[PDB]
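J.: How does the following fold in three dimensions:
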Amino acid sequence: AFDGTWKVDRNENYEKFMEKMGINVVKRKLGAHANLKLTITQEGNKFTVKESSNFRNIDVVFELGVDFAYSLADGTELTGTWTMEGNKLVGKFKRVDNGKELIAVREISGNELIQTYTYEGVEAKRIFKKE
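T.: Residues are numbered from 1 along each chain as shown. Now the structure:
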């Protein structure tokens with residue numbers, strides 16, 4: 001493992017969007033409604049290896065600083081960057097829905113992870129990770 005694998009959660013869009021975005025009938029709550037495993041390992045300027053989620057499971061593509069634009073569980077809505085060293089995270093782009101560029105944190109604490117996503121402005125996170 002380049003850094004770890006630690007795996008459950010993510011931030012709640014299910015909260016952000018729940019609280020602010022659109023909320024509705026938990027439509028854009030991609031925040032919480034799935035198990036997932038997160039791993040990150042290949043080159044050293046990277047953080048990327050993780051195939052597990054409620055239905056799909058594969059997540060392996062990163063750069064010293066990039067993320068994707070697609071919708072984590074809908075049409076297409078996401079940003080691309082993630083720029084840090086492997087120890088912390090900070091990288092961001094604007095979403096796909098039109099453009100919300102905000103995302104910056106590593107998920108790490110003793111062993112507990114923190115994925116803080118953002119979008120125009122909402123940071124939010126939910127994770128308790130790693131065995």
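J.: Ignoring the adjacent residues along the chain, who's closest to residue 42?
T.: Leaving aside its chain neighbours, residue 42 sits nearest to residue 48 (6.4 Å; criterion: CB to CB, 6 or more residues apart in numbering). C-beta coordinates here come from the backbone N, C-alpha and C atoms, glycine included.
J.: Over to residue 62?
T.: Nearest non-adjacent residue to residue 62, counting by CB to CB, 6+ apart: residue 48, 3.6 Å away.
J.: any idea how far that neighbour is from residue 99?
T.: Remark: distance between residue 48 and residue 99 (CB to CB, to the nearest Å) = 24 Å.
J.: The two - which one has more neighbours?
T.: A count of neighbours by other CB atoms under 10 Å puts residue 48 above the other of residue 48 and residue 99, at 18 against 12.
J.: pretty sure the more buried one is touching residue 66, no?
T.: No. Using CB atoms under 8 Å, residue 48 is not in contact with residue 66; the gap is 10.0 Å.
J.: how many other residues sit next to the nearest residue to residue 92 once chain neighbours are set aside?
T.: The spatially closest residue to residue 92, leaving aside those adjacent along the chain, is residue 103, at 3.7 Å (CB to CB, 6+ apart). Neighbours of residue 103 under the rule other CB under 10 Å: 25.
J.: OK, contacts around residue 103?
T.: Residues in contact with residue 103 (CB atoms under 8 Å, 6 or more residues apart in numbering) are 67, 79, 81, 82, 91, 92, 93, 116, 117, 118, 119.
J.: just residue 62 next, same as before
T.: Contacts for residue 62 were tallied using CB under 8 Å, 6+ apart; they are 40, 46, 47, 48, 82.
J.: Show me which of the residues you listed is closest to residue 22.
T.: Nearest to residue 22 among the contacts of residue 62, counting by CB to CB, is residue 82 at 24.9 Å.
J.: now that closest one: how far from residue 40?
T.: Noted for residue 82: a distance of 10 Å to residue 40, by CB to CB.
J.: Find residues that contact each of those two.
T.: Counting by CB under 8 Å, 6+ apart, the shared contacts of residue 82 and residue 40 are 47, 62.
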